[PDB]
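Next come structure tokens for two forms of one protein chain, structure 1 first, structure 2 second.
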Structure 1
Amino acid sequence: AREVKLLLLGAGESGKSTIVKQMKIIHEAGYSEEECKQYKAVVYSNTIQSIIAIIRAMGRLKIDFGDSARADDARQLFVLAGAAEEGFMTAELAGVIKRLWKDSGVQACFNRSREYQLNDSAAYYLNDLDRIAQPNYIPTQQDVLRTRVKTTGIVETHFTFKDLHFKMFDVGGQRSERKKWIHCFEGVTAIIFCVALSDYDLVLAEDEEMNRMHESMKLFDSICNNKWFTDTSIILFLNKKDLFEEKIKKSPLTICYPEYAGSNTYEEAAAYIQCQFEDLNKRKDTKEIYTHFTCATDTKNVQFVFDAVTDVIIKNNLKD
């Protein structure tokens, strides 16, 4: 059997579900126009959810609206919140969102997203409001990629590429159906650990004993060094590099690593993080890590990175 088992791991919001969808676009035949239609309701809901999250955050952070006229829209949003659930973004609704998203109070809060929890499909959807507001609208494949869906168990995708049968599991965060879950961790060719680089500047939340980056690290530390994984490739996806590059211009990496004596260039910071992770590997003679810098929402990039990952797998099983 030329069969390859790939397990995706990493904190929530690290890009795992996206990598899965992306395999479908790249190596299966994508999403058919019918399937795209099915995500219409999802796109609408996420857009609604995203703006609500910003609005609610305004209260907590105590940020006043740019124009106090928008207060009505805030109240109106909650009334209309369900207006799209099976159908259409009525015009009224588009108006509310459009006007809120434009407001400077909202925006100042959107800038301060490190201070709360704003999903990374927010900007994407809200800036394309005009396009998705159309009654005739059919979600593009880039739109389907950007959808945020609750799953309640193991996510799987399979494809054939370069004469190899690929099985990929995003095991997710649900223990229910426990034997099949544990099995995802068994007979794995390669583990692909995802990291959201852009988490580096997130405020230490009231429910955490260390920042998100160190949480990710601790996780990687235990995966990498687990004796069950001795003969499993460890592949590291330092993801969300697009957002990381923008943030690092303004927020110092010392926010995340106080001891960091380097500089706030994308290049130098990214290299520092990679080292922070790779240094966690405690069996360096018997194991190397395969680091990749990705933007998971970018098909072309994933295609290239995954192609590379495959080539290593091929060159690997030529120990026969």
Structure 2
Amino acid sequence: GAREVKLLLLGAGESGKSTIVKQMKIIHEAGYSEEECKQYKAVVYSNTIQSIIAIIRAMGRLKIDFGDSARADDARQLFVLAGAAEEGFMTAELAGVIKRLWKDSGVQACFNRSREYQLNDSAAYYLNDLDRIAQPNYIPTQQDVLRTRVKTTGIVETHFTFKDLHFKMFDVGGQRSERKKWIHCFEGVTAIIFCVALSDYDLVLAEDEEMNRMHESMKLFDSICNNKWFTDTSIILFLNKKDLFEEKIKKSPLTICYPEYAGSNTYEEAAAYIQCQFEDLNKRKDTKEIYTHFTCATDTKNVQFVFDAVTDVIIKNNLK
């Protein structure tokens, strides 16, 4: 009989939970039709503008000047044009204002110091494709839709059948929940997919945090996998944004996150070191097994392959 498979996505904000949900829709559901894609044009532009604005705000805070003094008027114009722009369309005026700012060396300098503030990882994706996106005849591709960031109102869920299993994937993400709500989310969970943004390793400590983002994530993973209530639940670990981590490891040493790291700064040793940090938190290596996969949630092919392997685990873990 097609038993129910309740999947709970957990992890810090921006770790890729929403993205995994949309990949399921693209992989095991109907995905997005062109008509549905056109519907995202407005959020694509909103996200694009929010991104350039985030970088501009950081320049003021970090005190980074524009490569060209003229860009200051563009920045102000950016705010007025955006505030009057109709949702869904981008004028040649706003497009130019954004292209000039994104091009500015000062803006790029701030963009490259994103570890010092909080910039969404879709910023570069859209900002680099201003040629394609700005055109009035623009039709968001499936990948563009995947990259959109939307308003998270309450628990999100998605249904889909895979290998004669009724998957119910839940993501509480963001929406602050009460003890009751969480207990309800946990009861019935067949497997937990814990997402981690590998690229968060070089993030500057916030004013009110005792430990860096990576260690906060480790603290939570520690409570989850060692909690007796999940003894039988499959604990899947997604070390995500491996693509961003790989790009970063070149310039920002892992020693930023783990001052004790004495390995080399290759993608391989740094990633392995992080895999061990999380997996070693398991206090019952004899009993529980952690199923780790390095991912790129925005890569449908990779997610498909990985979710395929997670399913095989769910099946056999069902002592059958």
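Here the rigid core means the biggest group of C-alpha atoms that line up within 1.5 Å when the two forms are laid on top of each other. Residue numbering: structure 1 sequence, from 1.
Asker: Upon rigid core superposition, which of the listed residues (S176, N111, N127, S222) is displaced by 2 angstroms or more at its Cα between structures 1 and 2?
Answerer: Comparing both forms, the shifted residue turns out to be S176.
Asker: Would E85 count as moving between structures 1 and 2, using a Cα shift of 2 angstroms or more after superposing the core as the test?
Answerer: True for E85: a C-alpha shift of 2 Å or more.
Asker: Keeping the rigid core fixed, work out how far the Cα of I55 travels between structures 1 and 2, to one decimal in Å.
Answerer: On core superposition, this C-alpha lies 0.4 Å from its counterpart.
Asker: Could the core-superposed CA displacement of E34 between structures 1 and 2 be given in angstrom, to one decimal?
Answerer: Rounded to one decimal, the shift is 2.0 Å.
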